[PDB]
């Protein structure tokens, strides 16, 4: 079992970012390697379809307790679905997935579309529109409402900003960083606010619609017949739309891709299939989630080595979505590749792999793809705009993946036939 030796390589991981794992595999001449990180802890990094299958074998791999505490404290929340395994988890996961009905999915499609269409005058009005900001604000409205949480217009900028600080909070992979305390306070504000809405739903003082996150989560009972304590229920209710709001990352990359590859825009208009393909390729191609931590429950024999009981595991997400034996020219933006993709649950894993119900795979993959479809169709078809000179670098050596400028646009003008 090959090592990238060192007492702790955390700072090295942060310096190489999304290309750390690839650089070590290339340099050590192997598909599997160990590295100590997060304070002396050894992690075996596994990749590919074969890495993803094993990583989501629940007989062999534990997730419970393997997220760094600082990331639990800021991104996901204490006691979040992300932090439990086994029966307790499968039961709770069922609640999340129960929101993802055909009707709720069309509802998020319709909200996203209507708000974009409604937001054109405002965007014509601005000297310039930062798409990272503008989309996070617009998706805060979609996401609160989709979750049955009433958020006043007056409060959406504040809320959006608190979400942004949280979503970003994995940048130090669990280390100390200067924005950490601000991250914890944004979460506290958002948790208090959702806890209030839960307590008040349970008292019958407010009335979220049947089938919304707020309603289902407030009234749900676990497999022992106990409801979630109010705080944990607010934490998990957030886990139902903070990540929806975080799609702003992908809206921004979306516009970068369409701008770099202007051909994609025409095909978004010409081919009703293509918006789906484009959205999938934005998720595969661009960096967001670097890797996921787990731990070996027992020795595992994998790719000619033994992973010892107790060692850490890191499923390489960016590595698997850019694996040259899974995708021809993994570093070329090419939506048409998804004409052939067979729907495998172990290659396209930018929001996790495996099974929605039994593993920790993202609950909101279909919402992510739906929202990106409607957003990209909006930007391709209903408006024209200019892209001024700006820093459009996406630095693959810096976690998290952002377009440096946020992706700024000007001279927005609705596309209308007036003849």
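Residue numbers count along the first chain shown, from 1.
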If you average the CA temperature factors as listed in the entry, which stretch comes out higher, 239 to 247 or 97 to 105? 97 to 105
Per the entry, where is the mean C-alpha temperature factor higher: 124 to 132 or 319 to 327? 319 to 327
Among 171, 269, 82, 219, which carries the highest Cα B-factor? 269
Whose CA atom has the top B-factor in the entry, of 189, 256, 265, 145? 265
Chain-relative C-alpha B factor for residue 385 (record values, thirds): the highest
Once the chain's modelled residues are ordered by C-alpha B factor and cut into thirds, is residue 161 in the lowest, middle or highest one? lowest
Can you work out whether the C-alpha temperature factor of residue 377 puts it in the lowest, middle or highest third of the chain? middle
In terms of the CA temperature factor given in the entry, to which third of its chain does residue 31 belong: lowest, middle or highest? highest
Give the position of residue 24 by CA B-factor within its chain, expressed as the lowest, middle or highest third. highest
